[PDB]
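A.B. asks: Sharing a structure below in structure tokens format, with a few things to ask.
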Amino acid sequence: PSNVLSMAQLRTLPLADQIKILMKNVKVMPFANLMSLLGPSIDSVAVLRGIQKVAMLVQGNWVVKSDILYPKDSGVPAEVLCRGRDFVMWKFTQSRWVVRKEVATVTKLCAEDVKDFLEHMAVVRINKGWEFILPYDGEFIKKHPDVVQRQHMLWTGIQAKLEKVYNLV
Ligand SMILES: [Zn+2]
Ligand SMILES: [Zn+2]
Ligand SMILES: [Zn+2]
Ligand SMILES: [Zn+2]
């Protein structure tokens, strides 16, 4: 609506708010673009810290965390939606391409929710499934090996949770 903050208004807020607000609006973002938006005043060590609080690494790009889109209060409990979306996001760490029917079969969620999860980080491609919306960011990955390894361990934790509640493979 009309209640959107301009970038100059955004840049007067605490750094944690800027990153949260940007990522919730723009759900997928390359790190270098986030740095550009926040402006030349900010240091990247603080942004590397801040982005991991609110987003996960996917294909070298940053994707806003599910609990930001679906906070604990939508008649479906927020944790059920978070789990479904986290599954989709997990699938995209494995591959740029995701088959909608596999998401429906595994999450057993409503077709509207499955579409909601996919369409805000991917677009359907004719006869090939849903393709993650940003290209693989090989440059961020090359330049931040420590963060990439950490994020891969965090995904290890998330996948273990998903394997407990869902029936993967
Ligand atoms: Zn989550
Ligand atoms: Zn619903
Ligand atoms: Zn939308
Ligand atoms: Zn990985």
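By convention in this document, the chains of the structure tokens carry letters A, B, ... by their order, each chain's residues are numbered from 1, and ligands are numbered from 1 in the order they are shown.
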Skip range 112-120 of chain A itself and residues of its chain fewer than 6 positions away, then list as a PyMOL selection string all residues within 10 Å of it, counting only C-alpha atoms.
C.D. replies: chain A and resi 26-28+63+66+81-82+84-89+92+98-101+103-104+130-133
A.B. asks: With a distance cut-off of 12 Å and only C-alpha atoms, select the neighbouring residues of residue 24 in chain A, excluding the residue or stretch itself and same-chain residues fewer than 4 positions from it, and output the selection as a PyMOL selection string.
C.D. replies: chain A and resi 17-20+28-29+51+54-55+62-71+120
A.B. asks: Sorted by chain and rising residue number, which residues of chain A lie within 8 Å of ligand 4, and what are their closest atom pairs and distances in Å to one decimal, counting only C-alpha atoms and all ligand atoms, as CSV?
C.D. replies:
```
residue,atom,partner,partner_atom_place_in_ligand_line,distance
A:93,CA,ligand 4,1 (Zn),6.5
A:94,CA,ligand 4,1 (Zn),7.5
A:148,CA,ligand 4,1 (Zn),7.6
A:149,CA,ligand 4,1 (Zn),7.4
A:151,CA,ligand 4,1 (Zn),7.1
A:152,CA,ligand 4,1 (Zn),4.1
A:153,CA,ligand 4,1 (Zn),7.5
A:155,CA,ligand 4,1 (Zn),6.9
A:156,CA,ligand 4,1 (Zn),8.0
```
A.B. asks: Those same residues - N, CA, C and O atoms - I'd like them written as a compact mmCIF listing (two decimals), in the first residue's frame.
C.D. replies:
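File produced: out34.txt:
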```
# COMPACT_ATOMS: atom_id res chain seq x y z
N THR A 93 18.09 -25.47 -2.77
CA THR A 93 19.53 -25.57 -2.52
C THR A 93 20.13 -26.73 -3.29
O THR A 93 21.33 -26.71 -3.62
N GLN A 94 19.32 -27.75 -3.60
CA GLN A 94 19.77 -28.94 -4.31
C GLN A 94 19.77 -28.76 -5.83
O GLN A 94 20.48 -29.50 -6.52
N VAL A 148 29.51 -19.64 3.36
CA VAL A 148 28.93 -20.72 2.57
C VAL A 148 28.97 -22.03 3.37
O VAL A 148 28.01 -22.81 3.38
N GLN A 149 30.08 -22.30 4.03
CA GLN A 149 30.17 -23.53 4.80
C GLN A 149 29.19 -23.49 5.97
O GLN A 149 28.47 -24.46 6.21
N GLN A 151 26.36 -21.83 6.22
CA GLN A 151 25.01 -21.97 5.70
C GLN A 151 24.72 -23.42 5.30
O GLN A 151 23.61 -23.92 5.53
N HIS A 152 25.72 -24.11 4.75
CA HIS A 152 25.53 -25.51 4.42
C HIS A 152 25.33 -26.37 5.67
O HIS A 152 24.55 -27.33 5.65
N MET A 153 25.99 -26.03 6.78
CA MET A 153 25.70 -26.73 8.03
C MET A 153 24.30 -26.38 8.56
O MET A 153 23.61 -27.25 9.08
N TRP A 155 21.67 -25.65 6.73
CA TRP A 155 20.81 -26.47 5.89
C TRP A 155 20.84 -27.93 6.31
O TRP A 155 19.82 -28.63 6.22
N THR A 156 21.99 -28.42 6.77
CA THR A 156 22.05 -29.77 7.32
C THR A 156 21.09 -29.91 8.50
O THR A 156 20.36 -30.91 8.60
```
A.B. asks: Considering only C-alpha atoms and all ligand atoms, give me a table of residues in chain A that are at most 7 Å from ligand 2, with the closest atom pair and distance in Å for each, as CSV.
C.D. replies:
```
residue,atom,partner,partner_atom_place_in_ligand_line,distance
A:74,CA,ligand 2,1 (Zn),5.4
A:75,CA,ligand 2,1 (Zn),6.3
A:76,CA,ligand 2,1 (Zn),5.4
A:110,CA,ligand 2,1 (Zn),6.8
A:113,CA,ligand 2,1 (Zn),5.8
```
A.B. asks: Please identify all polymer residues within 10 Å of residue 166 in chain A, counting only C-alpha atoms, omitting same-chain residues fewer than 2 positions from it, and present them as a list in words.
C.D. replies: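 Once the adjacent positions are removed, what remains is residues 83, 84, 87, 105, 106, 107, 108, 159, 160, 161, 162, 163, 164, 168 and 169 of chain A.
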A.B. asks: Identify which of the residues A:121, A:80, A:111, A:147 lies closest to ligand 1, counting only C-alpha atoms and all ligand atoms when measuring atom-to-atom distances.
C.D. replies: A:80
A.B. asks: Quick one, how far is CA of residue 59 in chain A from CA of residue 125 in chain A?
C.D. replies: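 Taking CA of residue 59 in chain A as the start and CA of residue 125 in chain A as the end point, the length is 17.8 Å.
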